[PDB]
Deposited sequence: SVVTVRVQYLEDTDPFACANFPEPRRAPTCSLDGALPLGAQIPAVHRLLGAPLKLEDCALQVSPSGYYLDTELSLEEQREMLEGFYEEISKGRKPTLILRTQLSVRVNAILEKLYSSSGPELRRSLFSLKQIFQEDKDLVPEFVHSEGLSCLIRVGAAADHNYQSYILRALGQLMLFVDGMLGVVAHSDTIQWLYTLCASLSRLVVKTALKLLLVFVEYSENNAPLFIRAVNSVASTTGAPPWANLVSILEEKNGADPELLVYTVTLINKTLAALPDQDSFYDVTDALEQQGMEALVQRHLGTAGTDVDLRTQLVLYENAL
């Protein structure tokens, strides 16, 4: 009901406390663009007029510089009938994308590690991020970095996909899914585990994106010169050694990709492409040895029952 600032110009260095402690008062105003400078000087805030916006106190809604009377009708609740000036989400995600595209070494590492927290504790940043090719940024750094940089990028990305808007952003971004399949060939077992379970939440969120996944694998197979699905079955052939765990993730993924697809004609397409590469020899060979763990065995018979 009263006004206050929060200095959030550097999203990698947000102070948490809004100042002033005892809020200065202003109560009415009805266009907002022309009215924001009065309050920006009322507060004398170290925030660039320009790139500023206003967020409602309890709810977090960011006002459109329109009408108070139309945002009214959008949303306050009953209390009015008886507020923070900060930087635009646009400007903050620009500083994020800037840092990621322009730094290296230790700064870069720190920043990617912080992305998880930044997105976790300001949820509304994730849509604007998707709007600014933030996914193109993440991949276009990750496809050229070592497995540690990649595992931070993947933690950030999993955070994004916990939110509906981030999930939709990856559903739009084909390069993301392609990168995750490429990552199933990583020499880092951590990176592979992570990529796989992100691919799992991706195919479990919806069903329409089972085809999106199958196409990403086909697209990378075509660019790279390899047969489609070589990364999954390569994980299946435990060439790094035993990994019951990774095997269970890989087989459950291929299962629910099959079970969520209406084309029996595309399903026979993909299951041919993969028994070609040795799938059935692997399935029987694992189904025999009693060292097979129950989780895994359950899922391999799911595969066979499909066949």
Item to complete: Where the model has no C-alpha, note the corresponding stretch of the deposited sequence, numbering from 1.
Response: 1 to 4, 34 to 35, 82 to 84, 92 to 96
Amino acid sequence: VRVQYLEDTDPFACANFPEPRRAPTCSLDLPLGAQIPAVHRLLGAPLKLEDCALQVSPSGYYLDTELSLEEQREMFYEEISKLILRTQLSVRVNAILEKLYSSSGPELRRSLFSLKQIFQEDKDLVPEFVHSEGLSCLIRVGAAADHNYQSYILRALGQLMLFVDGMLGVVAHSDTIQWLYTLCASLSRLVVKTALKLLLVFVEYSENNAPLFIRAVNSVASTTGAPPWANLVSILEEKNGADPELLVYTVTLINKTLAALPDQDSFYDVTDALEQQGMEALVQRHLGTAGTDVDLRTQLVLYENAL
From here on, numbers count along this sequence of modelled residues.
Item to complete: Mind pulling up the entry and telling me whether 137 to 145 or 229 to 237 has the higher mean Cα temperature factor?
Response: 229 to 237
Worksheet item: Out of 117 to 125 and 188 to 196, which one has CA B-factors that are higher on average in the deposited record?
Response: 117 to 125
Worksheet item: Which listed residue, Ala53, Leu253, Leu247, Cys26, has the largest C-alpha temperature factor in the record?
Response: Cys26
Worksheet item: Among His173, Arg86, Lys82, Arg155, which carries the highest Cα B-factor?
Response: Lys82
Fill in: Cα B factor band for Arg215 (lowest, middle or highest third within the chain)
middle
Practice prompt. Grab the CA temperature factor for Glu98 from the record and place it in the lowest, middle or highest third of its chain.
Written response: lowest
Fill in: Within-chain third of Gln72 by Cα B-factor, per the entry
highest
Discussion item. Using only modelled residues of the chain, where does the Cα B factor of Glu204 rank: lowest third, middle third or highest third?
Written reply: middle
Worksheet entry | Among modelled residues of the same chain, the CA temperature factor third for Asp165 | middle
